[PDB]
Structures are given as C-alpha cells and as structure tokens.
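Before any questions on binding or motion, here is one chain by itself as structure tokens, the form deposited without the named molecule.
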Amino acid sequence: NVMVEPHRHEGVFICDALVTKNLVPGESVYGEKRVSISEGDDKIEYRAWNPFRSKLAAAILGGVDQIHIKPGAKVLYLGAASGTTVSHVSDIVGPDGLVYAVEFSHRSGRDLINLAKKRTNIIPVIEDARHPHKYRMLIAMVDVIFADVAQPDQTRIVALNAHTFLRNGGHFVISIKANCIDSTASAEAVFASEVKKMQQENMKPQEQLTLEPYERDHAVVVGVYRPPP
C-alpha cells in the first residue's frame, strides 16, 4: 500500500489531506502534523499543509491547473508574513530551488529569519515590496512571483517586482482578498479590476478561482509574464 502519493503538481503530495516533503525532517513550523514513512533503509517525512491557513493549499485543493512553483524553481514571495506558506514553497522548490521571502513587518521578519536558519533555500528580505531598488542587488531573476501582500495597490507592487525580477515567460500566482483591495466593491468588481490591471502590465491571467470553503471573497489568479521588447 502507498500512503502518501505524488499529487498532480510536482513537489506536492496527498495523503484528502495535502502534504509537502519536509526539507527539515524533525521540525514543524506552525504546529503542523508531520508524517514520517520508513521502509527498510529509506525514510521520508511529510508536513501537513493546512488550507485554512495557506491560500496556496486552498487553491490546490480547489483545483488550480498550474502552480509553477516546482522543484528547482526560483520564487519571489511577496507578503511572506511569518513563513507558513513560504515553508511549504521551500519544501516544493527543494535544495536546488530558491525562495526570496519579502515581508515588511520585522515581527514576522524574525519568524522568517528563524525559518531560514533551517532552510538554506530561503532568503529573508525584510523590506518594503514597494521599493525594489532597496533590494534588487539581492534578487537573481526568478521563475515565479507568488504574491499575498493584501494592500489596495498590491497589483502595482507585484507588477513593479515582475518588471525588475521576473524572467520573460515566467509566471505569477497572486492571492487577492477583495475587501482589502476595496471593501465597498463587490468581490466580482475587485477581481475583474485587478485582473485588468495585471493584463495592462503584461501579466496575462491564465486562470482564476475563488477559495470557498476555506476563505470568503478570496481569489487566486495564475498567469504568465510576456513583456514587450
């Protein structure tokens, strides 16, 4: 019998409970259940990925077609907060991948620094994502931008970082909480507005989905950056 099986998305696994292969066997990050499977000389530990705490997990269980975060990927994560979702991105991309974890708050910043001590593939960037000039000498060109900044001007911020850092034909994964962008617009009016802005900055949405039952009026938009010459 196979307990934990590869998910469709490479680097992800399903036990329906989503899990990622633990980069730091023995350690939990936010009190998540851990599941170690030993057979003979082999051994592999997984980490439970809670969809009520991670918008990315909620999107995966909601049936998103692509996440682009994959083994070996270079990921710029905007809005890294304390590292909950970032820790699972770190598992997915693996030792040959890279996760830049940008977060403004220095409180969450300290949780991120502790998380990165264990995970070599995390770079904490405790800076304001509005001003990429302050940190662009630290960021090699990335394959994916994941954004969860939760601001009304989130999309311009994300686009500013994509212009600087995202490779052509690179992808983005943007989490949009409607009442943080504009609590007096309907969720459909926010999502349509934000998707339009993306398209105007050559961030071409390829798919979108909401996150019920885990979150209300919360969308994830996945797409591709195809900038001009």
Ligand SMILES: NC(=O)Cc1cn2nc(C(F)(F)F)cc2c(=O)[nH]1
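Superpose the two forms; the largest set of C-alphas matching within 1.5 Å is the rigid core. A residue's number is simply how far along the shown sequence it sits, counting from 1.
This next part talks about the form deposited with the named molecule bound, which is not shown.
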property: Clash verdict for the named molecule in the deposited complex, overlaid onto the shown chain (3 or more atoms within 2.4 angstroms of backbone or C-beta); result: blocked
property: Answer option from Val102, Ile92, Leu115, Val144, heavy atom within 4.5 Å of the named molecule in the deposited complex; result: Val102
property: Among 136 to 144, 116 to 124, 67 to 75, 103 to 111, the region lying within 4.5 Å of the named molecule in the deposited complex by heavy atom distance; result: 103 to 111
property: The named molecule contact at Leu98 in the deposited complex, heavy atom, 4.5 Å; result: no
property: Candidates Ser108, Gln151, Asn121, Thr84 - which moves between this form and the one not shown, C-alpha at least 2 Å, core fixed; result: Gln151
property: Distance direction in the deposited complex for the C-alpha atoms of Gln199 and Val149, relative to the displayed form (3 angstroms or more); result: closer
property: Closer or farther in the deposited complex, the Cα atoms of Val149 and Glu194, when the shift from this form is 3 Å or more; result: closer
